Structures are given as structure tokens and as C-alpha cells.
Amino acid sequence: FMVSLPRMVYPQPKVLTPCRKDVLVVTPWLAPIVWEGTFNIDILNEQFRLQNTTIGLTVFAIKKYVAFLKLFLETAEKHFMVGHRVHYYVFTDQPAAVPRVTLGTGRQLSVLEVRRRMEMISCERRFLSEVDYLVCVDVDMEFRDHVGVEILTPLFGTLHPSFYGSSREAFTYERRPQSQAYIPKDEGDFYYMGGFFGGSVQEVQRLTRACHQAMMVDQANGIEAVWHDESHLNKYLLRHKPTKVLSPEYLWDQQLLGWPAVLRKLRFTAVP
């Protein structure tokens, strides 16, 4: 049950003025494509706080990648879901190497030791009891700007920053029919980045279970998809359309790609 929003004063949306004319803001299956200028975050914040939303954030830091956790977490504290309840889940082979990062109120961090990601995510019972949404990201990254509840939806993927202007034939999908991840040249909506996906816990467990099962099939058949879990995530999202798509604001590499005008904000970026 959703209680009423309080009174709010904000600019009237005008039907005959689009927010953004330069980019596609809704997919052909009627999922929003999340760009700056498309959302009023005050409205969204109210909606999600009235539900007392808890967001879980999963990150894997194995071997040398523990070095990235400090900046990842510190910047997440500045920019990720601020004002909301957050549970970080840090999966690592080196629990003692996790940096001690000071968290804002209503935010917690759990260190989970591990001895791959799709298997490990599909923790099932724990997540269902502890968070409403799961966000699953790469660690070798930093938050530079707002990443908030505008992303939350039952199932989301993120446009890969090297391919958002590309034609589908250029996408680096798995092209061998012998792989579970195969996508023919005349199929595909988008090329999604494996380093930023999420959803409700139920939908994320469905995705990760399906990808893990497909990866095990491929292993048994002696085939490894071209881009590993990202190829399988692409297959899944072709066949199970996401209910929002995040623009490349949400997964960028400034060194490789610069700061194009169509990106008003660079929110989550690769570390050099």
C-alpha cells in the first residue's frame, strides 16, 4: 500500500515541450531510458522514501581489486542513494583488506568472504530478507555525481558506453550458435554493460540464476562466451526486457571517451 504524496511545488511538465529532444528517452517496450532532464528527483525521492526503500549494492573485490574499494565506497557515500537505506555487500578473498570507510546514517556494510559473480549473487535468502532492490556493479569505478532512486525498477540494464551510438551488427554479442549467449546479427535492442545491472531482488535472482545456468551449459559444451557474463546478461535482457534502461551517464570512461555534449552528467566512471 502506497500513501499519498504530500503537497509539492515544482515546474509543470508540459506535454508539448519534451525534456530531451536529442536522445531516445523511452524504449519501444515502454521502459524509460534514464537521462538527466527526464526526472524530478524530488518526486522520486518522496515516492521511494514513503515505501522505506532499502537498496543493496553488491561489489566484488578479489585479489588486487581490493585496492579500489576505498574510493568506490567513499564516493558511493557522497553520491549513491543518499537519504535512503543502503546495504553494501562486499564480496572478497581478503576480508582484512577491506578499508574502514565511514558511513552515513542508515547505511551498512557487510563483508562476505569468497574462495563466478552470477553464481555468488544467486546469497538468495539473505538478500530477500534484507533489501528491496539489488544493484550489482564493478569495483574499479567511482561515483562522480548523483546515482539515486531514478534507477530503481523491477529490472534494469545500463547502456555500454562504447556502443550506445552503434548499429546492432557492430555490437559484440556472442555470435556462435553453439553458445547459450548467441544473438543473431538481426537481433538486439542495445548492448548492455555487465558492470551495472539491478532490479528487485526477485528479478535479479532470476537473471543471475538464468545466466549462471547458461554459463554452466556452455562450460559443459566447451565454449566460453566472447565477453563472459556480459554476453549472457545481453542474451537475458534481449529475451526479458528491462523495465528501465540507464543511459551511459551511469557507466562512463572519461579517459577513453571524453565528455560528449549528450552527457550532461558523468555519474559513475572508470578509474584510470
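Residue numbers here begin at 1 and follow the sequence given.
- Going from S122 to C123, you skip over 1 to 3 residues of the deposited sequence that the entry leaves unmodelled.
- In terms of unmodelled positions of the deposited sequence, the stretch from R115 to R116 in this entry skips 10 or more residues.
- For the pair 83 to 91 and 160 to 168, the mean Cα B-factor is higher in 160 to 168.
- Just going by the entry, 54 to 62 versus 214 to 222 on mean CA temperature factor gives the higher value to 214 to 222.
- In this entry, the residue among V135, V149, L71, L128 with the greatest C-alpha B factor is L128.
- In the PDB entry, a CA B factor belonging to the middle third of its chain's modelled residues is recorded for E230.
- For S110, the recorded CA B-factor ranks within the middle third of the chain. Only modelled residues enter the ranking.
- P177: CA B factor lies in the highest third for its chain, per the PDB record.
- The entry lists a Cα temperature factor for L103 that places it in the middle third of the chain's modelled residues.
- In the deposited entry, the Cα temperature factor of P184 places it in the highest third of its chain's modelled residues.
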